[PDB]
Amino acid sequence: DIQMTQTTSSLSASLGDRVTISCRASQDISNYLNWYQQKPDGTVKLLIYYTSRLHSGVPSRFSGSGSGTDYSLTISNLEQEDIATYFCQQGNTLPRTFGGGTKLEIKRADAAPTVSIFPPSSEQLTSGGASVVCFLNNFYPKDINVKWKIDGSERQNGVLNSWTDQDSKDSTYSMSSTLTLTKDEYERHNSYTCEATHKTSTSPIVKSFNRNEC
Amino acid sequence: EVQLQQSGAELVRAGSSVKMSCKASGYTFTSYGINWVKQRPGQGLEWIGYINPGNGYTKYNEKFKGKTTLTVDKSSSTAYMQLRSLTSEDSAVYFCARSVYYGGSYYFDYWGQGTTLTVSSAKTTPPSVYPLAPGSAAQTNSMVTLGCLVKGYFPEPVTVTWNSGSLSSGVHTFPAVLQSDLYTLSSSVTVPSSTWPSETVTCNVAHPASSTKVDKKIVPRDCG
């Protein structure tokens with residue numbers, strides 16, 4: 001069936017800018033394209049149908065165009081309430097298909113993450129578990145790679161990551177990484193390392209501790 | 001005013017079934033089709049199928065036809081979607097939406113708030129709240145970050161604060177993740193080194209489903 005692609009899944013823009021979100025169809029969909037806006041709270045609203053027709057109640061700054069396979073949504077004079085995710089959708093053939101979506105975000109100056117690592121708590125260890133936690137707080141842009149090492153070699157099993165949405169006040173992002181092990185495995189090794197790689201520096205930010213120095 | 005109120009959140013064990021609702025108001029129920037859309041964190045939106053409440057005609061996406069069944073209740077203006085043989089792949093948010101005709105096309109002009117489905121054998125379980133102090137070997141700075149690990153609870157949500165709200169700035173509570181059928185989240189708070197450990201720092205995590213209210217204190221670690 002028809003594949004809908006939005007080549008940009010995250011898009012940076014400032015308030016008052018002219019934002020353009022693109023959408024490509026795998027074949028001619030004859031202007032049978034609709035645009036939807038999903039807010040962080042999950043709610044969804046229709047903006048435009050049949051390429052260019054404005055749904056009732058939608059501000060005029062939302063504009064749609066395109067033909068054949070390529071279509072686009074243009075938002076002039078971006079406002080705070082416009083920060084959301086935008087999905088295109090073809091109604092030419094069955095089954096109906098959506099694009100992956102494009103979540104807008106607020107531009108700001110680059111900021112390096114502040115990194116903190118934490119050994120397992122006494123409470124948890126007495127339960128037979130061991131989780132090592134690493135926060136990477138208040139960084140921008142949101143792309144970041146975290147890497148765990150045990151005794152100097154990389155570890156990826158047991159690692160579960162969580163990312164916050166863009167902060168509403170300072171526009172930064174924050175991330176938590178947790179490496180979970182058994183008490184016994186944790187006690188067979190010494191050095192636990194959290195390495196953060198971010199465009200603010202070519203060299204990773206390294207935080208680590210040693211069990212034998214505890 | 002057109003409105004589509006969907007049913008509440010669902011917790012169902014895999015291999016079982018579920019039937020969620022979508023009550024329509026503010027318009028003629030029989031004059032518009034009802035479409036169903038599936039959303040999982042990292043894909044976007046999928047069209048399951050649609051039903052015509054007037055004649056009960058249904059068209060399914062072949063991906064969902066085997067396990068999905070769409071029906072309506074014309075006496076209550078309510079559409080139903082049944083999902084059978086549930087797996088973890090069916091954990092998503094499910095929306096209903098009304099479709100309107102234009103130029104031969106159809107488009108979804110009004111959506112419901114969405115129904116969350118979590119496929120899991122877990123039962124209500126309070127979290128284990130673990131305090132996260134800096135490593136004893138660590139030498140902190142003028143600002144010291146403290147944490148709190150909220151591990152092994154079910155279901156969402158959890159409410160985390162620091163000193164019962166009196167520490168508002170420099171707090172990051174992260175979205176939950178799924179381990180083995182259970183949830184885990186964390187939270188950080190950053191305070192001046194003159195504040196901790198000279199004063200108390202406490203994370204307060206609340207889990208309404210289990211009627212739990214845990215206050216955990218962040219104390220310096222024992223050396224050795």
# chains A, B, ... in the order shown; residues from 1 in each chain; ligands from 1
$ residues_around --residues "residue A:43" --least-positions-apart "3" --cutoff "12 Å" --atoms "only C-alpha atoms" --output "list in words"
residues 36, 37, 38, 39, 40, 46, 84, 85 and 86 of chain A; 4, 5, 39, 93, 94, 95, 96, 97, 110, 111, 112, 113, 114 and 115 of chain B
$ residues_around --residues "residue B:222" --least-positions-apart "2" --cutoff "10 Å" --atoms "only C-alpha atoms" --output "list in words"
residues 122 and 214 of chain A; 135, 136, 219, 220 and 224 of chain B
$ interface_residues --of "chain A" --to "chain B" --cutoff "8 Å" --atoms "only C-alpha atoms" --output "PyMOL selection string"
chain A and resi 32+34+42-46+49-50+55+87+91-92+94-101+116-121+123-124+135+137+160-164+174-176+209-210+213-214
$ closest_residue --among "A:106, A:25, A:2, A:11" --to "residue A:173" --atoms "only C-alpha atoms"
A:106
$ closest_residue --among "A:142, A:24, A:147, A:198" --to "residue A:7" --atoms "only C-alpha atoms"
A:24
$ decode --residues "stretch 129-151 of chain A" --atoms "C-alpha atoms" --output "PDB file, in the first residue's frame"
ATOM      1  CA  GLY A 129      19.287  -6.132  42.981  1.00  0.00           C
ATOM      2  CA  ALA A 130      21.659  -3.419  41.854  1.00  0.00           C
ATOM      3  CA  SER A 131      20.749  -0.480  39.611  1.00  0.00           C
ATOM      4  CA  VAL A 132      23.299   2.153  38.599  1.00  0.00           C
ATOM      5  CA  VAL A 133      21.688   5.468  37.654  1.00  0.00           C
ATOM      6  CA  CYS A 134      23.062   8.279  35.509  1.00  0.00           C
ATOM      7  CA  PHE A 135      21.343  11.625  34.936  1.00  0.00           C
ATOM      8  CA  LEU A 136      22.186  13.846  31.971  1.00  0.00           C
ATOM      9  CA  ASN A 137      20.388  17.094  32.725  1.00  0.00           C
ATOM     10  CA  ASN A 138      19.643  20.369  30.921  1.00  0.00           C
ATOM     11  CA  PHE A 139      21.257  19.909  27.515  1.00  0.00           C
ATOM     12  CA  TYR A 140      20.420  21.135  24.032  1.00  0.00           C
ATOM     13  CA  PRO A 141      19.978  19.906  21.337  1.00  0.00           C
ATOM     14  CA  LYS A 142      18.184  16.705  22.358  1.00  0.00           C
ATOM     15  CA  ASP A 143      20.416  14.290  20.426  1.00  0.00           C
ATOM     16  CA  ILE A 144      22.781  12.534  22.828  1.00  0.00           C
ATOM     17  CA  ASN A 145      24.465   9.144  23.185  1.00  0.00           C
ATOM     18  CA  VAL A 146      24.982   7.514  26.587  1.00  0.00           C
ATOM     19  CA  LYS A 147      27.344   4.563  26.969  1.00  0.00           C
ATOM     20  CA  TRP A 148      27.873   2.313  29.990  1.00  0.00           C
ATOM     21  CA  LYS A 149      31.081   0.431  30.755  1.00  0.00           C
ATOM     22  CA  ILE A 150      31.746  -2.293  33.311  1.00  0.00           C
ATOM     23  CA  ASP A 151      35.427  -2.798  34.091  1.00  0.00           C
TER      24      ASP A 151
END
